[PDB]
Amino acid sequence: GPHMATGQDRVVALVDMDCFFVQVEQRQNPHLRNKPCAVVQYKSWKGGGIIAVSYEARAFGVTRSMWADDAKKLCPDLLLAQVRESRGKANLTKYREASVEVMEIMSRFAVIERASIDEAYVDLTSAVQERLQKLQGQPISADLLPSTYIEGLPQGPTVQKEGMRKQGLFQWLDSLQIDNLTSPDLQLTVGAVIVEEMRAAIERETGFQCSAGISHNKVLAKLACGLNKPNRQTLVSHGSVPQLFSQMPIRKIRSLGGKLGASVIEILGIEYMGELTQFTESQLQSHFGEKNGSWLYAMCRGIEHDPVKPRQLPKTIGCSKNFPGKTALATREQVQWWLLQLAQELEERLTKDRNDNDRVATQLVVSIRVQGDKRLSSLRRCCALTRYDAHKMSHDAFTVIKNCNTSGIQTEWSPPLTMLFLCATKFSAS
DNA sequence: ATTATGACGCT
DNA sequence: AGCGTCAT
Ligand SMILES: Nc1nc2c(ncn2[C@H]2C[C@H](O)[C@@H](COP(=O)(O)OP(=O)(O)OP(=O)(O)O)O2)c(=O)[nH]1
Ligand SMILES: [Ca+2]
Ligand SMILES: [K+]
């Protein structure tokens with residue numbers, strides 16, 4: 001009743017760049033704009049592996065993880081842009097730099113949490129209170145929300161997408177109570193106004209379009225963002241959660257798309273997020289652990305407490321390369337050469353990071369995968385990272401992995417290595 | 001033979 | 001610390 005907290009205390013947005021690497025390449029090369037386009041890594045094996053797909057190409061069934069040769073079967077006119085190769089490996093610097101452009105613009109509006117290269121959460125609670133004070137009771141015009149969808153509307157008693165969007169927005173705005181400065185629905189609405197402004201600034205100042213979700217917490221804002229892509233934003237109110245969740249597959253909620261979500265489905269014999277409400281908190285904790293159980297109990301009611309962390313920079317800077325099938329590394333010369341290639345990329349990135357961000361990494365994590373191991377990492381070892389020197393870094397990595405060589409000969413490496421990974425971690429201010 | 005990442009939880 | 005999960 002009057003005491004049951006409803007998880008409506010914050011305004012959180014999730015901003016996600018549409019098909020981000022494609023947009024980076026389309027900005028650079030206008031011939032790719034408004035075309036079925038994808039970004040690929042490498043080319044010799046089956047045309048390269050697709051990692052990003054324009055919405056025009058998605059209409060033909062092109063997806064990430066597809067080989068370009070197969071994508072071309074679905075879409076013979078598909079245009080391709082290739083990720084840069086440096087020191088024998090994919091080099092994602094162009095996309096990291098473009099991501100910094102976008103994150104710096106978002107940071108003008110509020111403190112952001114960098115969730116990925118192209119995704120950031122925004123805590124808008126304070127900006128919303130300020131904008132509400134500036135308003136002073138004045139209602140919110142639909143013109144301030146020209147790309148906003150209100151999830152679940154229109155409802156109750158046209159045949160074009162934009163017409164439906166406007167019908168729902170009008171129902172939403174008509175039901176608003178713009179007098180109550182503490183009203184969660186009003187706060188969300190002002191949050192959406194701010195996100196329209198943020199998205200307009202990103203597009204004006206970078207050329208990049210994005211989608212966004214606005215809700216009361218990170219999971220709902222993420223879910224909201226996915227409802228109307230591309231180049232649109234979606235408001236998911238607390239009141240919209242029962243209907244939204246009543247047909248929402250559990251796997252769609254961030255963190256439930258893997259083994260844990262599959263076990264929720266199998267153990268409880270349910271399919272949809274809303275079905276979780278029938279279980280007590282103790283029941284859920286009994287099946288899924290204390291933390292997961294409490295999280296599921298609140299999540300299925302629309303409530304989540306995970307804060308938007310003030311962190312605009314990545315916590316780790318890493319470099320990795322697979323050596324699949326017959327390219328696996330089987331000589332000491334080979335292992336050392338590739339460790340050096342990875343370490344030289346890492347040194348370049350770390351040196352730029354130290355100049356830009358006033359910090360230094362102090363730990364080097366070395367990860368490998370041996371041939372025949374189903375796991376992604378067969379072994380991880382840390383050592384001290386005391387100098388930004390690629391030769392020292394690769395010699396240290398070799399030292400921490402050299403005992404894994406089963407071969408009796410020192411020249412040979414067995415079982416061959418199918419992956420090398422160097423990661424700088426544990427940053428300190430400098 | 002997807003691949004190059006990056007975050008975070010567990011013990 | 002080293003490993004596993006999840007994300008994409
Ligand atoms: N190297 C590599 N990059 C990836 C992989 N998956 C995604 N990326 C990159 C390319 C994407 O443009 C970027 C952002 O990922 P997203 O999942 O947000 O998809 P994207 O932005 O392409 O499309 P969207 O409009 O958000 O559905 O991350 C991957 O498996 N390997
Ligand atoms: Ca994206
Ligand atoms: K993303």
Side-chain angles (χ1 to χ4, degrees), chain A residues 14 16-17 19-22 38-53 63-71 82-96 99 113-121 218-219 222 226 250-263 288-292 295 306-309 311 313-328 341-342 345-346 349 363-369 371 373-384 400-401 404 418-427:
Chain A
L14 186 272
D16 184 28
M17 311 305 298
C19 49
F20 182 50
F21 289 18
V22 163
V39 174
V40 283
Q41 288 180 317
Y42 310 118
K43 209 77 189 79
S44 284
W45 192 266
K46 300 190 153 122
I50 292 171
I51 55 167
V53 191
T63 67
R64 152 205 187 262
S65 304
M66 212 167 258
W67 297 113
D69 287 352
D70 304 329
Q82 205 165 343
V83 165
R84 171 177 325 122
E85 263 164 80
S86 299
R87 296 182 239 261
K89 65 178 294 300
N91 167 3
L92 308 177
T93 298
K94 188 197 305 185
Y95 315 105
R96 290 193 184 93
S99 175
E113 177 182 341
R114 181 201 201 266
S116 90
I117 195 160
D118 83 315
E119 292 201 55
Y121 293 93
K218 292 163 73 176
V219 165
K222 178 62 177 169
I250 283 159
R251 66 178 177 275
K252 300 303 183 175
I253 280 53
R254 190 173 97 241
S255 85
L256 300 181
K259 289 176 173 171
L260 173 62
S263 68
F288 311 113
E290 170 189 0
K291 186 171 194 70
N292 287 331
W295 183 87
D306 185 38
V308 178
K309 309 135 217 153
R311 181 186 59 76
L313 304 173
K315 296 175 101 123
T316 60
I317 292 181
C319 302
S320 73
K321 183 169 171 52
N322 289 357
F323 302 93
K326 186 172 172 296
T327 71
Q341 302 322 292
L342 285 184
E345 182 188 327
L346 188 59
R349 288 164 62 186
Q363 188 174 73
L364 180 68
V365 179
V366 187
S367 193
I368 70 185
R369 183 182 51 197
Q371 172 183 79
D373 193 329
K374 182 179 178 300
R375 301 169 300 169
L376 277 67
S377 165
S378 301
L379 183 98
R380 297 177 244 191
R381 296 280 198 267
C382 70
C383 62
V400 309
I401 86 169
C404 322
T418 55
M419 180 271 288
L420 298 176
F421 189 4
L422 298 182
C423 188
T425 70
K426 301 201 182 309
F427 285 90

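Order of the sequence lines sets the chain letters (A, B, ...), proteins ahead of strands, with each chain counted from 1.
- If you find the closest nucleotide of DNA chain B to A:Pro324 and to A:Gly318, the one lying nearer the 5' end belongs to A:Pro324.
- Contact annotation: A:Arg114 side-chain N/O to B:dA7 OP1/OP2 distance is not under 4.0 Å.
- Across all strands shown, A:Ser255 has heavy atoms under 4.0 Å from sugar-phosphate atoms exclusively, and none from any base.
- Residue-level contact check: A:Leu379 touches the backbone only, with heavy atoms under 4.0 Å from sugar-phosphate atoms and none from bases.
- Under 4.0 angstrom from either OP1 or OP2 of B:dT5 there lies at least one side-chain N or O belonging to A:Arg96.
- Atom-to-atom, CZ of A:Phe20 to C1' of B:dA4 comes out at 15 Å; the value is rounded to the nearest Å.
- In this structure, A:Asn292 places its CG atom 13 Å from P of C:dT5, rounding to the nearest Å.
- The CD-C1' distance, from A:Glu119 to B:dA7, rounds to 12 Å in whole Å.
- Applying the 4.0 Å criterion to OP1 and OP2 of B:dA4, one finds that A:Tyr42 has a side-chain N or O inside that range.
- Candidate nucleotides B:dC10, B:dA7, C:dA1 were compared by shortest atom distance to the side chain of A:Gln363, and C:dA1 ranks first.
- When rounded to the nearest whole Å, the span between CZ of A:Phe323 and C1' of B:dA4 equals 12 Å.
- Among the atoms of the strands shown, only primed sugar atoms or phosphate atoms (P, OP1, OP2) are found under 4.0 Å from some heavy atom of A:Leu260.
- The distance between atom CE of A:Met66 and atom P of B:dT2, rounded to the nearest whole Å, is 13 Å.
- The distance between atom CZ of A:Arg254 and atom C1' of B:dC8, rounded to the nearest whole Å, is 11 Å.
- Listed pair A:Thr316 / B:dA7 meets the phosphate criterion, a side-chain N or O lying under 4.0 Å from OP1 or OP2.
- Formation of a donor-acceptor pair under 3.5 Å by the A:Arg381 side chain with backbone atoms of A:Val366 is not found in this model.
- A donor-acceptor distance shorter than 3.5 angstrom exists from the side chain of A:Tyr42 to the backbone of A:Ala90, with no hydrogens or angles considered.
- In terms of position on DNA chain B, the residue among A:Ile50 and A:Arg349 whose nearest nucleotide sits closer to the 5' end is A:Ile50.
- Listed candidates were B:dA1, B:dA7, C:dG2. Nearest to the side chain of A:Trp67 is B:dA1.
- Here A:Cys423 lies out of heavy-atom contact (under 4.0 Å) with every strand.
- The closest donor-acceptor contact from the side chain of A:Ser367 to the backbone of A:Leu379 lies under 3.5 Å.
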- Candidate pair A:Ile117 and A:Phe21, rule side-chain contact (heavy atoms from CB on, under 4.5 Å), full reasoning: CA-CA 10 Å; A:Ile117 195 160; A:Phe21 289 18; 3.9 Å; yes
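- The stretch residues 85-93 of chain A touches DNA chain B through A:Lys89, A:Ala90, A:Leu92, each having a heavy atom under 4.0 angstrom from the strand.
- Take A:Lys426 and apply the side-chain contact (heavy atoms from CB on, under 4.5 Å) test, not counting sequence neighbours, and it matches A:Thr362, A:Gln363.
- Across all strands, A:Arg251 comes closer than 4.0 Å to no nucleic acid atom at all (heavy-atom distances).
- A straight line from CD of A:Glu290 to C1' of B:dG9 spans 14 Å, rounded to a whole angstrom.
- If you check every strand for non-hydrogen atoms under 4.0 Å, A:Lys326 touches nothing.
- For B:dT5, its base never sits under 3.5 Å from the side chain of A:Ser320 at any donor and acceptor pair.
- The phosphate of B:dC8 has OP1 or OP2 within less than 4.0 Å of a side-chain N or O from A:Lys309.
- Between A:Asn322 and B:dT2 there is no side-chain N or O to OP1 or OP2 distance below 4.0 Å.
- Residue A:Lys315 places at least one side-chain N or O under 4.0 Å from the OP1 or OP2 atom of B:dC8.
- Counting non-hydrogen atoms of neighbouring residues, nucleotides and ligands closer than 6.0 angstrom, the CD atom of A:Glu290 reaches no more than 12 such neighbours.
- Remark: A:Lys259 is not in phosphate contact with C:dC6, judged by side-chain N or O atoms under 4.0 Å from OP1 or OP2.
- No contact: A:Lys426 has no heavy atom under 4.0 Å from any strand.
- A donor-acceptor pair under 3.5 Å is formed between the side chain of A:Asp373 and the backbone N or O of A:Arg375.
- Put simply, NZ on A:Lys94 is 17 Å from P on B:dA4, counting in whole angstrom units.
- Between C:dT8 and B:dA1, the distance separating the two P atoms is 24 Å to the nearest Å.
- Listed for the A:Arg349 side chain is a donor-acceptor partner under 3.5 Å among the backbone atoms of A:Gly318.
- More than 12 heavy-atom neighbours from other residues, nucleotides or ligands sit within 6.0 angstrom of CG on A:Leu313.
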